[PDB]
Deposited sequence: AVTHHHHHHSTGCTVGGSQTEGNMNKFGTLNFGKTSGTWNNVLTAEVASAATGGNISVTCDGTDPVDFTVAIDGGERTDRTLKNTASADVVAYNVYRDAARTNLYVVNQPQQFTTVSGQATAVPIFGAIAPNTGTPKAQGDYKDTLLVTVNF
């Protein structure tokens, strides 16, 4: 019997979000070359299934707060942002023997254009085996 161990781990900076902006604000935690990312690597020879759920932040609606006004954002599994990390809902992953499975996180903020505005929020990322 081989006991499986797994290595897990291990900030979306949208820039300045004060005032107004006409295009989509983007940030990502998805690649080592982009700054770093979350990944899972297990020591076995069989694939290991696991799940990633992301909550809604400090206010459960995914908004950054000024600490003095909010700004809505969302987190996606996809660069094209077709695959939302819907709040608290599991997202399916699988490992490949001997290789790291990234947990990519792409953040976006819709264009403001009208209604001008530090902004912070914390997301709980739950990895379930």
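Trainee: Counting from 1 along the deposited sequence, which stretches lack C-alpha positions?
Mentor: Counting from residue 1, the stretches without coordinates are 1-7, 18-28, 87-88, 138-140.
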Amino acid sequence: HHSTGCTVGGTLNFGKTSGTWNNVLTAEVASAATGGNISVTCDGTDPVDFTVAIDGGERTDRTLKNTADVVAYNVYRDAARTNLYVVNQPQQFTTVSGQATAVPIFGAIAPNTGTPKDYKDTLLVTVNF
From here on, numbers count along this sequence of modelled residues.
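Trainee: Would you tell me which stretch averages the higher CA B-factor in the PDB entry, 91-99 or 24-32?
Mentor: That would be 24-32.
Trainee: Taking the recorded C-alpha temperature factors, which stretch has the higher mean, 36-44 or 54-62?
Mentor: It is 54-62.
Trainee: Quick check for you: using the entry's CA B-factors within this chain, is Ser3 in the lowest, middle or highest third?
Mentor: CA B-factor rank for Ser3: middle third.
Trainee: Going by the CA temperature factor in the PDB record, which third of the chain does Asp49 belong to: lowest, middle or highest?
Mentor: Lowest third - that is where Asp49 ends up once the chain's C-alpha B-factors are sorted.
Trainee: Lowest, middle or highest third: where is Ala79 by Cα B-factor in its chain?
Mentor: Its C-alpha B-factor, which the entry lists for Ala79, ranks in the lowest third among residues of this chain.
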